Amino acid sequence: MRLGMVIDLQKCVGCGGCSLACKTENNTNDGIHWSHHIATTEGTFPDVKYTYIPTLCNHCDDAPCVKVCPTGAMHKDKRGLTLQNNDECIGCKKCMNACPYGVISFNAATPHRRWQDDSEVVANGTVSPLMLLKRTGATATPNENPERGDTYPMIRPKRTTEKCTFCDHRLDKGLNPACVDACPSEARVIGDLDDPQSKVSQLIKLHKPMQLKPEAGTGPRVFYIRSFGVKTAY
């Protein structure tokens, strides 16, 4: 089994809804976005092209992040996912240097520290981050998703790395990744690339698949098909 994702760039509108859904699903600290993007503007006015490429962990066939991890925290599971036992992460950052894609973040900052602020912009009138935390019963942020804790820390400790887990906790329940469900055009499809009848396997036969940095030799399993833009008419 080799789970992967096919992203249809023609359907993609570059809105970031996938990345925002990932924020709500996975309780990433402010500034940490497991789902992100690469956008490019090419050409000189008036012949200007803008492209947006959604990015995430490519859950690589030959993941260098796994190979360099000195503790075995970073590992492959039987679905082909690259997952992390965060409890064994010593924050050495070797995975980040090994990953060609820059999709791993390091929790140098205490996650959700801004929610410890109890100052009020209007005293005894407006509330505060800390007061909202108390009111809602949340631990770190009122937006924290407890589901995440099924398989991974809801709130990661400082001095550990983290990245896209392919919403493994949702897959375990037979559900879709949050970013897949969040996409208005259904541009994102996941499945088993080892199953020739899976939608993803058929998509990369119907369309020419493209990968990010295949030259790095990791065998990424996020495939991009079609074109964000179209050739200019007239």
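Just count from 1 along the sequence shown to find any residue number.
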Would you tell me which stretch averages the higher CA B-factor in the PDB entry, 197-205 or 25-33? 197-205
For the higher mean C-alpha B factor in the entry, choose 40-48 or 161-169. 40-48
Just to confirm, going by the entry's C-alpha B-factors, which of 184, 177, 54, 70 comes out highest? 70
Using the temperature factors in the entry, find which of 146, 100, 153, 142 has the highest value at its Cα atom. 100
Of the three thirds of the chain ranked by Cα temperature factor, residue 7 occupies the lowest
Consider only the C-alpha atoms of the modelled residues in this chain, order them by B-factor as the entry records it, and name the third containing residue 216: lowest, middle or highest. highest
